[PDB]
Each structure stands twice: as C-alpha cells, then as structure tokens.
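A.B. asks:
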Amino acid sequence: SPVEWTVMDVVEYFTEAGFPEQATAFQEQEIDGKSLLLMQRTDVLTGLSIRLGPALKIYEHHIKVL
Amino acid sequence: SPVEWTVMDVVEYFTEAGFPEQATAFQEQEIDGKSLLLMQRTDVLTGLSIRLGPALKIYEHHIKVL
Amino acid sequence: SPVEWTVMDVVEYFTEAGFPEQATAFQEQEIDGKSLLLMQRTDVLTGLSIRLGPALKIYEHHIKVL
Amino acid sequence: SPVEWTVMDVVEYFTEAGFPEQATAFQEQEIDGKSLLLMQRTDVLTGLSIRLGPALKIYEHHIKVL
Amino acid sequence: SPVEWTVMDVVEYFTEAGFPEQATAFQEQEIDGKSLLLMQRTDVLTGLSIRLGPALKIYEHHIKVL
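Protein chains in written order, with the deposited numbering: chain C, 458 to 523; chain A, 458 to 523; chain D, 458 to 523; chain E, 458 to 523; chain B, 458 to 523.
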C-alpha cells in the first residue's frame, strides 16, 4: 500500500519522521509512493537538492530499508 | 516501433504515457527512438533536467520496457 | 565515539584537525556523527562544496577510517 | 589512425559524420585524437555540453568503437 | 619527494609537463603532493573544472600512473 501513496503522503511521512525541512523536496521532485520505492542512494544524496547530513539519514533509515 | 521513432514520436510516447511535462525534455535533448533505446538510468535521472519522481517512473516503467 | 557526536562536535574535530575553513561545510550540511559514519568518498569530495585538495585528505585520513 | 588526429581532425570527423553542431564541443574541449581514444561514456554524455540525443549516437557509434 | 610537494610544486609539474593553463585548477583546489596522490579519474575529469581533452591526458599520463 505505500506504493499507492500520493506525493502529499510522502511529504507527510518525511515530516513525521523528523525531516520537515527536507519533506518539501519530495514535493518539489514529485516523489509519490511509486517513485519512492525506486529511489537509490544517489537519488537521495544528489537528486533532491537537500542538505547532506539529513540526506544520509533519510536514505539509511527510510529509503534503503524499503 | 521505437527504432523508427522521430523526436516527435518520442514526445508522443511520453505524453500518452502520462508525462506531458517531461516529454519536453526529450524535445530539448532531441532524443529520437534510436537514442532512446541507448539511454541508461543516469541519462534520464540527471541528463534531462526533469523532476526526479517522474524521471524514476519514466526510466524504470517506460524506457527499460522498450 | 564519533558516531555519537553533535554537528558542533564534528565541526570542532575538523577545526582541530587542521581544516578550520572546511569545518564550516560540515556545519552547513548538518553533518553530525551519525551522518559522518555514513559518508562515502563522493559525499566528501562532491557533497560539501569545499576545495578538492583538502577534501581528499579529509576523506582519506579522517572519514574513510571511521 | 584516429589516435594521431589533431583537434581539427576530430572536429572534421564529427562534422562529416552528421554532427556539425556538436563538433564545436570537441574544439572547445580541445579533444585531439589521443584524448578521443581515452574518452569513456560519461565523458561524451556529460563532459561536452551537447544535446543528449546526438551525444548518445556520438558515443555508441563513433567513440565506443575506437 | 612528491609526497612533500606544495601546491606550488604541483603547479610547476603540470606547467612543465605541458599543461600551463590547467595548472591553475590545481591552485584553485589547493592540490598539493599528498592530495595529488589520492586523485582518481573523476577527480580530474570533473573535479577540477578543466577542459576535457587536457584532463584526459593529465589523468592518463600523469595521475593514473602515480
């Protein structure tokens, strides 16, 4: 069912997970649930235009695990 | 068939697949069917200057399947 | 241990290691100890916006070894 | 042989191969025959500042084969 | 010895080797001898922001060989 999430659902996930500043980049890049499940390391660290510290933890604990 | 597509045909393919906004990047880069069949992941995700969410779906669900 | 460090501690480490100017990029990118332990080569060399000469030493001598 | 070409010879080759506009990037980047023989895929697709459609053909049909 | 070289020594090397214009990029990035010995292909071809033809030859004949 995460594969069905809208862009706004993804934004809400990253907000509640502790990354409200970076959640807006998921909106900017139109990352819905389908796209979220396709993201790889470089997509998080370079493709969102977010700060690197948060990006590393977003990837490690919330995207690599998917 | 894809090997026979002009740039115009490529734009039509992505428009009909639900990516009318990103289809313009194939116009900008003048990617016809022969070049489309040569694209790899990074070419789509970084070489087109399109939003990452759509780019991931464009590559994985539409280009890899040609 | 380094993985427990605050961003402030990371900045202090690099300041005292010989990189007072590059330390500000660890502040800007919000690199805490958890992030520091997740960094790979390209993250240091391309993700911090610092001079490449110092970046190569920062990675080789201080981050790769973590 | 191509490895012996001057920059101007490289420009001439790409001009006569169907890429008169992209040939100027070989002049700008000062790609002589020795350089041409050292190019890898990413160098063609991201190092010349040319349209990606033509770049994919330049690599696949003309540089990869050297 | 080259491990002890300053940035100035690196600039002299690349100038005398036939790359006076690209030597400036080693100044910009403050690549001394210790850092020169750590450079990999992408560090030269992208990390210095120099022209690609010279970069390819610099890497092949002067940096990869180290």
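Every residue gets a Cβ at the ideal spot worked out from N, C-alpha and C, and that includes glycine.
Nearest-angstrom Cα distance between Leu493 (chain D) and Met496 (chain C)?
C.D. replies: Along the third sequence, read from residue 1 onward, the residue named residue 493 (chain D) stands at position 36. Along the first sequence, read from residue 1 onward, the residue named residue 496 (chain C) stands at position 39. Taking the straight line from one Cα to the other gives about 22 Å.
A.B. asks: Look at the alpha carbon of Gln484 (chain A) and the alpha carbon of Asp489 (chain D), and state the distance between them as a whole number of angstroms.
C.D. replies: Counting from one through the second sequence, the residue named residue 484 (chain A) turns up at place 27. Counting from one through the third sequence, the residue named residue 489 (chain D) turns up at place 32. Whole-angstrom Cα-Cα distance: 43 Å.
A.B. asks: So, is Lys521 (chain D) buried or exposed, given that buried needs 16 or more other C-beta atoms within 10 angstroms?
C.D. replies: For the purposes of this step, residue 521 (chain D) is taken as the residue at position 64 of the third sequence. With fewer than 16 Cβ atoms within 10 Å of its Cβ, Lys521 (chain D) is classed as exposed.
A.B. asks: Does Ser492 (chain E) get closer than 8 Å to chain B when you measure Cβ to Cβ?
C.D. replies: By 1-based counting over the fourth sequence, the position of residue 492 (chain E) is 35. Chain B, which has a Cβ nearer than 8 Å to the Cβ of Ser492 (chain E), makes this yes.
A.B. asks: Using a Cβ-Cβ cut-off of less than 9 Å, list which residues of the segment 498-514 of chain C approach chain A; keep chain order.
C.D. replies: Correct list: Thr499, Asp500, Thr503, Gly504, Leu505.
A.B. asks: Quick one: is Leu509 (chain B) buried, meaning 16 or more other Cβ sit within 10 Å of its Cβ, or exposed?
C.D. replies: For the purposes of this step, residue 509 (chain B) is taken as residue 52 along the fifth sequence, with counting starting at 1. By the 10 Å Cβ count, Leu509 (chain B) comes out buried.
A.B. asks: Against chain D, which members of the segment 476-491 of chain B pass a CB distance test of less than 7 Å?
C.D. replies: Within the segment 476-491 of chain B, the residues whose Cβ lies closer than 7 Å to some Cβ of chain D are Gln486, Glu487, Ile488, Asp489, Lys491, listed in chain order.
A.B. asks: Identify the contact partners of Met465 (chain B) in chain D, using a Cβ-Cβ distance below 9 Å as the criterion.
C.D. replies: Counting from one through the fifth sequence, the residue named residue 465 (chain B) turns up at place 8. None at all; the shortest Cβ gap to chain D is about 13 Å.
A.B. asks: Hey, out of E:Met465, E:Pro477, E:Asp466, whose CA is closest to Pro511 (chain E)'s CA?
C.D. replies: If you number the fourth sequence from 1, residue 511 (chain E) lands on position 54. Nearest option by C-alpha distance: E:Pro477.
A.B. asks: If you follow the alpha helix (DSSP H) that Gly510 (chain C) is in, where does it begin and where does it stop?
C.D. replies: Here residue 510 (chain C) refers to the residue found at position 53 of the first sequence. Per DSSP, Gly510 (chain C) belongs to the alpha helix (DSSP H) from 509-515.
A.B. asks: Under 8 Å between beta-carbons, which chain B residues line up against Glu517 (chain D)? List them in chain order, please.
C.D. replies: Taking the first residue of the third sequence as position 1, residue 517 (chain D) is located at position 60. The contacting residues are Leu495.
A.B. asks: In whole angstroms, give me the CA-to-CA distance for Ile507 (chain B) and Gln479 (chain B).
C.D. replies: Numbered from its first residue, the fifth sequence carries residue 507 (chain B) at position 50. Numbered from its first residue, the fifth sequence carries residue 479 (chain B) at position 22. Their backbone Cα atoms lie some 6 Å apart in a straight line.
A.B. asks: Taking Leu513 (chain A) as the reference, which of C:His519, C:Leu505, C:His518 has the closest Cα?
C.D. replies: Start at 1 with the first residue of the second sequence, and residue 513 (chain A) comes out as number 56. Closest option to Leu513 (chain A), Cα to Cα, is C:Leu505.
A.B. asks: Can you name the start and end residues of the alpha helix (DSSP H) that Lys491 (chain E) belongs to?
C.D. replies: As a position in the fourth sequence, residue 491 (chain E) is number 34, starting the count at 1. Counting along the chain, the alpha helix (DSSP H) containing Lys491 (chain E) begins and ends at 490-495.
A.B. asks: Whole angstroms is fine: what's the gap from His518 (chain B)'s alpha carbon to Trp462 (chain E)'s?
C.D. replies: Here residue 518 (chain B) is taken as the residue at index 61 of the fifth sequence, counted from 1. Here residue 462 (chain E) is taken as the residue at index 5 of the fourth sequence, counted from 1. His518 (chain B) and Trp462 (chain E): Cα-Cα distance of roughly 18 Å.
A.B. asks: Taking all protein chains shown into account, decide if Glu473 (chain C) is buried (16 or more other Cβ within 10 angstroms of its Cβ) or exposed.
C.D. replies: As a working note, residue 473 (chain C) is residue 16 in the first sequence. Exposed is the call here.
A.B. asks: If you run the structure through DSSP and keep just helix, strand and coil, what is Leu505 (chain E)?
C.D. replies: On the fourth sequence, position 48 is the one that residue 505 (chain E) refers to. Looking at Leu505 (chain E) - three-state DSSP - the assignment turns out to be coil, as it is neither helix nor strand.
A.B. asks: What does a CB cutoff of less than 7 Å around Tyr516 (chain B) pick up in its chain, not counting 5 residues either side in sequence?
C.D. replies: Residue 516 (chain B) sits at position 59 when you count from the first residue of the fifth sequence. Excluding positions up to five away in sequence, the list reads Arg498, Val501, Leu502.
A.B. asks: Under a Cβ-count criterion, where at least 16 other Cβ atoms within 10 Å of its own Cβ denotes burial, should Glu469 (chain B) be classed as buried or exposed?
C.D. replies: Looking up residue 469 (chain B) in the fifth sequence gives position 12. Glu469 (chain B) should be labelled exposed.
A.B. asks: Please classify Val460 (chain E): does DSSP put it in a helix, a strand, or coil?
C.D. replies: As a working mapping, residue 460 (chain E) is identified with position 3 in the fourth sequence. Three-state DSSP puts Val460 (chain E) in a helix.
A.B. asks: What's the gap between the Cα of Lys491 (chain A) and the Cα of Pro459 (chain A)?
C.D. replies: Indexing the second sequence from 1 puts residue 491 (chain A) at position 34. Indexing the second sequence from 1 puts residue 459 (chain A) at position 2. Each residue's Cα considered, the two are about 7 Å apart.
A.B. asks: Under a three-way DSSP split, which group does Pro477 (chain A) fall into?
C.D. replies: In the second sequence, counting from the first residue as 1, residue 477 (chain A) sits at position 20. Residue state, collapsed to three classes: helix.
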